[PDB]
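This report refers to the structure that appears directly beneath it.
6 protein chains.
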Amino acid sequence: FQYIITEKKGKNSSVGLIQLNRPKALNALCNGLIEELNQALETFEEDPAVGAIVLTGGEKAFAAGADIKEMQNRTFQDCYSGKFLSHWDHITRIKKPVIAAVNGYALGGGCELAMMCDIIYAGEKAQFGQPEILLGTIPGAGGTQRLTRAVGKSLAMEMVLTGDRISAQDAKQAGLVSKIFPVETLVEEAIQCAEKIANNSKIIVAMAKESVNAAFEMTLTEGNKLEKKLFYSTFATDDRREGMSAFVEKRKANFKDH
Amino acid sequence: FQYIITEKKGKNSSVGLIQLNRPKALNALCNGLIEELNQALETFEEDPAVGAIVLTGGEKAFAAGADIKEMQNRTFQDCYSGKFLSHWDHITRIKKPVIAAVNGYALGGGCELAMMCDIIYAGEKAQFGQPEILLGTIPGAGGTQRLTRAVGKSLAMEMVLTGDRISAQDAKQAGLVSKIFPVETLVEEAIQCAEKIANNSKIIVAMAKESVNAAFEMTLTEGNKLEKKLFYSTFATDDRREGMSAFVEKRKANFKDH
Amino acid sequence: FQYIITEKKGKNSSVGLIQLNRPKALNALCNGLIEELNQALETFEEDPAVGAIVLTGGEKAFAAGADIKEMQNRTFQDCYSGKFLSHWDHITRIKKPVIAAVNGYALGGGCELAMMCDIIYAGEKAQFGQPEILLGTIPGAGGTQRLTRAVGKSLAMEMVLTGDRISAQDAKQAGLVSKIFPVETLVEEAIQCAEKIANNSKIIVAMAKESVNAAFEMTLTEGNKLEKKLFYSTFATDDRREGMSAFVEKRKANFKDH
Amino acid sequence: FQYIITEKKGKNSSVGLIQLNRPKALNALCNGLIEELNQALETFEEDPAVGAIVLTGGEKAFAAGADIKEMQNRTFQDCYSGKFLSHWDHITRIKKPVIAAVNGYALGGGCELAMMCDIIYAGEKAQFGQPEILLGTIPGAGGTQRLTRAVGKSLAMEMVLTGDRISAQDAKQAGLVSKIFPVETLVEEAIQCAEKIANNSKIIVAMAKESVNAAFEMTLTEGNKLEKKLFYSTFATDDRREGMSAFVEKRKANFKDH
Amino acid sequence: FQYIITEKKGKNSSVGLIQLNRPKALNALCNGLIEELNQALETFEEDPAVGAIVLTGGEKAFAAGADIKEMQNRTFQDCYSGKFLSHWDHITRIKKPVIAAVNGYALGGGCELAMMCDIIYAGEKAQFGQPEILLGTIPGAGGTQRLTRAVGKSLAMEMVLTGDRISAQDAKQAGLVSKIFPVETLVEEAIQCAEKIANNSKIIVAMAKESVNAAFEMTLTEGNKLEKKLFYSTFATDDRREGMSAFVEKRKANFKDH
Amino acid sequence: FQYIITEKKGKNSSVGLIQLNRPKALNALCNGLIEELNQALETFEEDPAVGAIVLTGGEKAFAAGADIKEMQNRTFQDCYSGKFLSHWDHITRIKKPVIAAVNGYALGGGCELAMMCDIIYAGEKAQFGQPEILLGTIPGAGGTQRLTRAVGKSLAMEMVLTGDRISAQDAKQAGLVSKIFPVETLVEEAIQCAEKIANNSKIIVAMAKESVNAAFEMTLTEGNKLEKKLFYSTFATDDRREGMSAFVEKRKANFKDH
Ligand SMILES: CN(C)c1ccc(/C=C/C(=O)SCCNC(=O)CCNC(=O)[C@H](O)C(C)(C)COP(=O)(O)OP(=O)(O)OC[C@H]2O[C@@H](n3cnc4c(N)ncnc43)[C@H](O)[C@@H]2OP(=O)(O)O)cc1
Ligand SMILES: CN(C)c1ccc(/C=C/C(=O)SCCNC(=O)CCNC(=O)[C@H](O)C(C)(C)COP(=O)(O)OP(=O)(O)OC[C@H]2O[C@@H](n3cnc4c(N)ncnc43)[C@H](O)[C@@H]2OP(=O)(O)O)cc1
Ligand SMILES: CN(C)c1ccc(/C=C/C(=O)SCCNC(=O)CCNC(=O)[C@H](O)C(C)(C)COP(=O)(O)OP(=O)(O)OC[C@H]2O[C@@H](n3cnc4c(N)ncnc43)[C@H](O)[C@@H]2OP(=O)(O)O)cc1
Ligand SMILES: CN(C)c1ccc(/C=C/C(=O)SCCNC(=O)CCNC(=O)[C@H](O)C(C)(C)COP(=O)(O)OP(=O)(O)OC[C@H]2O[C@@H](n3cnc4c(N)ncnc43)[C@H](O)[C@@H]2OP(=O)(O)O)cc1
Ligand SMILES: CN(C)c1ccc(/C=C/C(=O)SCCNC(=O)CCNC(=O)[C@H](O)C(C)(C)COP(=O)(O)OP(=O)(O)OC[C@H]2O[C@@H](n3cnc4c(N)ncnc43)[C@H](O)[C@@H]2OP(=O)(O)O)cc1
Ligand SMILES: CN(C)c1ccc(/C=C/C(=O)SCCNC(=O)CCNC(=O)[C@H](O)C(C)(C)COP(=O)(O)OP(=O)(O)OC[C@H]2O[C@@H](n3cnc4c(N)ncnc43)[C@H](O)[C@@H]2OP(=O)(O)O)cc1
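Just so you know, the sequences run in chain order F, E, D, B, C and A.
Residue numbers for the first sequence follow the deposited numbering, so the first one is 33 and each next one is one higher.
Residue numbers for the second sequence follow the deposited numbering, so the first one is 33 and each next one is one higher.
Residue numbers for the third sequence follow the deposited numbering, so the first one is 33 and each next one is one higher.
Residue numbers for the fourth sequence follow the deposited numbering, so the first one is 33 and each next one is one higher.
Residue numbers for the fifth sequence follow the deposited numbering, so the first one is 33 and each next one is one higher.
Residue numbers for the sixth sequence follow the deposited numbering, so the first one is 33 and each next one is one higher.
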């Protein structure tokens, strides 16, 4: 890999860590980088030892956005071509949980990439923003959708129309991120979180993740019916039986992913 | 009742109070408890003197969830028998406002029961969580739906996939609960809130509640049209004439629930 | 104008400022006031020099609601004649960004008017509320819809069913408003915000605003597809090319709004 | 029962037949009739021998609507009493399939009752209509919703705004009913259909019914995701194994309902 | 009017007739024509004597679409900040029922105009189609939305992607139109239909129309709740009292429109 | 290719033909067959000479469903494995139009495959059905969703719950298919249809197809707004001008796919 670095972490290497490694362009997400990222994601998704994935960048930047230089001379017809900014949402197809550990800059595509993850942990100095408007364009990877649904209309409108950045504290207060940690312990805290998740049944975890994601795709009435079906279906797994036995039997549960 | 204690309270016994009373199992919501709860709710719903209902538990626990021992040996087929965990959402059918006064633990079904209520007040030491994942199952009573819609994706994912609990402070900050009070004044503050509601027209209050609930069942454009129709319909009541006349006449309004 | 005061305050006269000026009724929004407001909005919308609009009231009150005296003797039939409280949502049709600078009271229709704007800035002493329930009626201009989607069910239910007001601090914490400023610098800070927006391409800004508003009208999956189409379409403008080229050339760039 | 006749005219006694029996008022559905209908439905729903239910009326009329005499002296407040025209949609909660065998008149509430069923068979002389408009009211049991979704806007608008009736032929052509039979063989044909359904696994049939109903409650994208989950869940039943094995073994399948 | 003809044609002037009169361009809907159309619509909407509106064109053409010559040189820019092809959906805002009497050609904007109406009657020689694709563009006034919802995906796709026209018979079979009449009696039959509608309460009719239109804006569950609220609200009118009484009194009803 | 046969059949070789060729199992769609089908689809999608794709099978069968023998011994966990009946909806991702030419049997997965296509042409002897229920399972590839939306609740429920087949005539009347042709000329008529489509601008056609598909993914109000944005965007293409000038200049259309 020329733009990313990967390694297994956790107690039993149950955690997959992906680090964007293109320091020069503040981790600008060029087409090649996305290519590798999707590869890394796929390998971890296929590895039956990995139960969760952690995504992070540098200390100064998570990602400053997509590569502006690569899209400077593209056309409207270039957009309906199919080779312009494709595969950006492959991460939304990963069944396993993905935690974004954000230190420093998370702008444009960078902020959008973090929002595509299931959980976001931010470093004390992290900064989020959607500056697309300053470049004469608008967010094109969920910046007007995921952001608005987490932060509320007023703050989303202010961010998208002005291009202003918000601090990690503001992001936590608004619900964009769920935890803030010191710059130097961020990635570690993220890994510990991934570890807790990796310890649970992989099949049950995948169902829970689907259920939560469904909250943004249907009415509450139907969302609850779907959730109920998923709940019922867990009763067809062995881990559910094992899990509830471990409780009454007041012992630790040992899930075997099925 | 064996598992609950009821009693009218407030200004004119206009507030119905229901207290989960099964101390030994940290208020675990077994089938029998749910049975009584729905009875209590129905009586208060039918009592024309009661304008609001307050739901609370013990000081150490609101409810630690459904009874794990009652579902430990059930099956997938049992889920479709229609005899497994039935009648849990009867509370969502109550027309009158219901306030949850949460002290201590509010886990799994407990947290979900609180979220089914219209308003939530938490004690300084309250704790919310969805630990279903630790038992090899997922939330099955709105934990992946109502939670996500209030708290945002990141925190909802973190809570549901790890099983970690959050404090009352975190819950208020995230919008899960609207007010925090000292452990010993919680139930009273809740009752005072129920009292303000009980003082308003019961027919107008029921319409307002429906309108707010509709916010999670349709697009904003349609939600506004529905709200408009409801607003128009209030002009067919006497209390609306009495209320707007009491303002211009600089006097107290006397609603006749008509 | 007999109820409003207008003027262009931009540093380059690019911000349209509208001030509700009916001090005696705490800016109660009577039919005549709404008439002028829509006129003011339309003129600024048509003025190619104005890129953003700021809406504010007095120091003691933004607006205490619609005029109660004008609706106290209306009937149900009156409502369906389409000549009662009509034209209240013309502001939602304005394509240019609208910032609400709220000082003091913002109740009922006043709170709803603020929520119709794209961004809300509140003064340290601002107060929001939906006291309709106290008059024997319910919010009829989005108070049960926009409020709930920004603040969460619990707080929305509490506000709408009790009629209690919330402070500016609470509003910011809940996500109702995005910034709090001292009473005397509020309008100025709002204007500065409008200025930043006015500096961006008007055509790109209009698209960004549409995309954000779409977040409340469709599922996330479709919202993202819509956003993508809008993003593609920006590649058919000159300001986009000028905006990206300006970046790689380390030079500022101003758009000709096309 | 004074208004209905129930008898297991099924063959293996697996089909429950309910016949509206109030000849004098052309089967006008008064409160007492609905009362019994819901009872009959519940008993069959609980009877493990019954796999499907057939609903029919007289030869001249299925049902001429709700009892007009019973609602002539009601008021707006009455509607919000919580119980005026209640329990009119209990049939939509029955998990087993329900076939409506419609002979003669099916007007207003009668037409709506038929549309609430899963399948509709009409006699050659059947007539459908929503004459509510002629009584100075509108359909209030799905007549503007289920009708429109089956028949299309133009025909639904014409039917609802004029009150005109349509023939069985028109109903089949528009998709309101799926089959037309001679007046004297209608009920039998309906029973034969119920029989085919009753022969399949009750648990699988219940899932299939839910999936089809979901088509009117969510987007196609989510509808397909839900359907997929239900499909997967069938693999946790025994009947699904028996059913596919019976095909490969080229023999008849014996479903045990689990 | 330059390209329009209007006249009250009811037996009491209860029916407003609008006839597109631009023979030379096969009734091509140019900007000027749309202007007058919206005026005509508004006058009839305001006339308390008119209860329904009938819209028709010539015998050879209803409308061949929007004026192709008027949009030939316009560009992307013209589309955003433009009154370009504006006010085309004013007809969807009319509260009173609108019947489209279609003889001959109804293509592109013409077909779309017809679908915007509540009811469509077609002459034996009427032809519908969306040939936009042949001009290198797509339907932009509901041709891919209303058509699909009435006719089904297969026929809508075939019509939109090939540009092929369908006959009146095909349109009736598919549910696009609800009635076919001889070329000479079409307009007359349409007027008779408008008459039946005009005889009913104008306020109840407007509610029924809203309810039916809601069927395409929300889930079935919410659609039914909305319809129920509208039904309830009819009990606050006098005409509902009159209508139901006239039935029990076995006598004709006289609606006062309130 | 071991199970299919691909061919270029346009008048300019602009039509891609794919023929399922596994006669022995009545074209049962086994995993290998789906593999090739997706390959064939991808090649045609990438070939800039092909403007439309035609999908057909044998004269006796289009496809009898997925391979029952390949799923006979699979588990619930096999479903959540990640690769059981995978890649079945790749066809819904193809941007180019796809016509299904159905002769003979089109059951289960076969019927669902046909419904995934944009247009369906059926031979006089074609038969459609969803017999999954007879195998102790339910439709899992859109059979309860796409079928219901095209055919209506009654017929969809009857088909899915009984397993009964319907004729080509019934399918056309219900809107499932848009045209019926003699068994011998079916594929040829389908190709002619594909040809007409292939003659139009590829980029405009792709947009029209997206707009029609959006009709099942959002409310009518939003669907129309989306359509309008797509319509506007066509004004940024050359084919739009070429097409609109070709009409005004009374000459034949000149397309260049951009
Ligand atoms: C699937 N679909 C449809 C889609 C998917 C994705 C997207 C995404 C779009 C975007 O992200 S638009 C980009 C939004 N981001 C931005 O506007 C941020 C631009 N960056 C900045 O303003 C600043 O670099 C900054 C991050 C605030 C840090 O400033 P500072 O500390 O002064 O560093 P600075 O010298 O500017 O940056 C260092 C190097 O990184 C480069 N760089 C920064 N951001 C970059 C980016 N987004 N792309 C490429 N290079 C970038 C700089 O140009 C510079 O390289 P050289 O000039 O040495 O060649 C769209 C559609
Ligand atoms: C309608 N549909 C479809 C649906 C509707 C509802 C549901 C709901 C599901 C759930 O709620 S699953 C339950 C969620 N709860 C959990 O996962 C674990 C809950 N409990 C705990 O984590 C811990 O007990 C704790 C609340 C932190 C307190 O711990 P600690 O302070 O050490 O006390 P501890 O001794 O453990 O608990 C005291 C007693 O309460 C019992 N208990 C606690 N939680 C219980 C529960 N959820 N069910 C039954 N018993 C419970 C303990 O077993 C113990 O009783 P003995 O064994 O001594 O007889 C699903 C579907
Ligand atoms: C499109 N559609 C369908 C729709 C569109 C819009 C709407 C909106 C409805 C509403 O807003 S209902 C109204 C919501 N607002 C309220 O209920 C606020 C009522 N006001 C108050 O509680 C208090 O006035 C207050 C704002 C807390 C300020 O108290 P305080 O400082 O003591 O002043 P106070 O003396 O009460 O009021 C000063 C003057 O303002 C007037 N005023 C205050 N609010 C008013 C209002 N909403 N309307 C008319 N006058 C009002 C008072 O009557 C008084 O005038 P005088 O007759 O005494 O000369 C509905 C439907
Ligand atoms: C859950 N929620 C909120 C809701 C739930 C449900 C509903 C439902 C509302 C409706 O159904 S409104 C009613 C819609 N139905 C109608 O308009 C049908 C009215 N009936 C007719 O037009 C005619 O009776 C007819 C069905 C065409 C048959 O005519 P014909 O053959 O001459 O019979 P006719 O003598 O008129 O009627 C026979 C007897 O049945 C009675 N009847 C007929 N329909 C009736 C009805 N809907 N209600 C009560 N009685 C009815 C007649 O009054 C008469 O009784 P007597 O006068 O001899 O005492 C609303 C809301
Ligand atoms: C709110 N927004 C954003 C939006 C709102 C609306 C729209 C709507 C767009 C469209 O409707 S696009 C237009 C769709 N129409 C078409 O593609 C062409 C339809 N017409 C034809 O192909 C043919 O006229 C025909 C109806 C098949 C038969 O006509 P035929 O009998 O052969 O005679 P023909 O000479 O062609 O037409 C007679 C005269 O009407 C004119 N004409 C016909 N259709 C016309 C049209 N759509 N616009 C302007 N002129 C038209 C012809 O140019 C001719 O005038 P002369 O040059 O001879 O003086 C879009 C967006
Ligand atoms: C993405 N995801 C999650 C998903 C994606 C897809 C699916 C789809 C599921 C299905 O389609 S379930 C299957 C639905 N189809 C059926 O049930 C049709 C079953 N077939 C039949 O009833 C009959 O074969 C028939 C097509 C009506 C006519 O057949 P007939 O003329 O009597 O001849 P018959 O001997 O039965 O069939 C000829 C040969 O084809 C085989 N065959 C027919 N249909 C088959 C099928 N669906 N699978 C495998 N083999 C099949 C037969 O077994 C036989 O082979 P031998 O036994 O002689 O070795 C699910 C989920």
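Built from N, CA and C at the ideal position, the CB exists for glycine as well.
Partner residues on chain D for residue i, Cβ-Cβ distance less than 7 Å
{"i": "A/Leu-258", "result": "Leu-258"}
Selection from the options that minimises the alpha carbon distance to residue i
{"i": "B/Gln-201", "options": "B/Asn-231, B/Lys-157, B/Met-239 and B/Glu-220", "result": "B/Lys-157"}
{"i": "D/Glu-164", "options": "E/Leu-52, E/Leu-252, E/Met-239 and E/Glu-249", "result": "E/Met-239"}
{"i": "F/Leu-258", "options": "B/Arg-273, B/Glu-242 and B/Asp-270", "result": "B/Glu-242"}
{"i": "A/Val-219", "options": "A/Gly-97, A/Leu-145 and A/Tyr-153", "result": "A/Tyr-153"}
{"i": "B/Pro-55", "options": "B/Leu-49, B/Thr-176 and B/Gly-90", "result": "B/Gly-90"}
Under 9 Å from the C-beta of residue i: neighbouring residues of chain F
{"i": "C/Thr-251", "result": "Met-250, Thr-251, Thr-253 and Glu-254"}
{"i": "D/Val-280", "result": "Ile-100, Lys-101 and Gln-104"}
Within chain C, the residues that residue i reaches when beta carbons sit closer than 7 Å
{"i": "A/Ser-233", "result": "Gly-168"}
Within chain A, the residues that residue i reaches when beta carbons sit closer than 7 Å
{"i": "F/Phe-108", "result": "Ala-268"}
Ligand 4 heavy atom lying under 7 Å from the CB of residue i
{"i": "B/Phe-108", "result": "no"}
Residue i beta carbon near ligand 6 (any heavy atom closer than 7 Å)
{"i": "A/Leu-139", "result": "yes"}
CB-CB length for residue i against residue j, believed under 8 Å
{"i": "B/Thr-88", "j": "B/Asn-59", "result": "In fact, because the Cβ distance is near 10 Å, the residues do not count as touching under 8 Å."}
{"i": "B/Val-47", "j": "B/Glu-281", "result": "Between B/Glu-281 and B/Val-47 the Cβ distance is about 28 Å, and since that is not below 8 Å, they are no contact."}
{"i": "E/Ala-93", "j": "E/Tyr-137", "result": "4 Å"}
Partners in chain F for residue i, counting only beta-carbon separations shorter than 7 Å
{"i": "E/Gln-177", "result": "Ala-247, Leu-252, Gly-255, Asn-256 and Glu-259"}
Ligand 1 heavy atom lying under 7 Å from the CB of residue i
{"i": "residue 13 of chain E", "result": "This structure gives no information on residue 13 of chain E, because the portion of chain E shown stretches from 33 to 290."}
{"i": "A/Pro-55", "result": "no"}
Chain B contact residues for residue i, given Cβ-Cβ distances below 7 Å
{"i": "F/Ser-243", "result": "None at all; the shortest Cβ gap to chain B is about 10 Å."}
Beta-carbon neighbours of residue i, restricted to chain C and to distances below 9 Å
{"i": "B/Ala-188", "result": "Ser-210, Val-244 and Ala-247"}
Entirely enclosed alpha helix (DSSP H) segments - the segment 214-263 of chain A, minimum 4 residues
218-230 and 234-245
Quick one: complete alpha helix (DSSP H) runs, 4+ long, within the segment 158-187 of chain D?
178-183
Within the segment 85-140 of chain B, ranges of the beta strand (DSSP E) (whole runs, at least 3 residues)
93-95, 130-134 and 137-139
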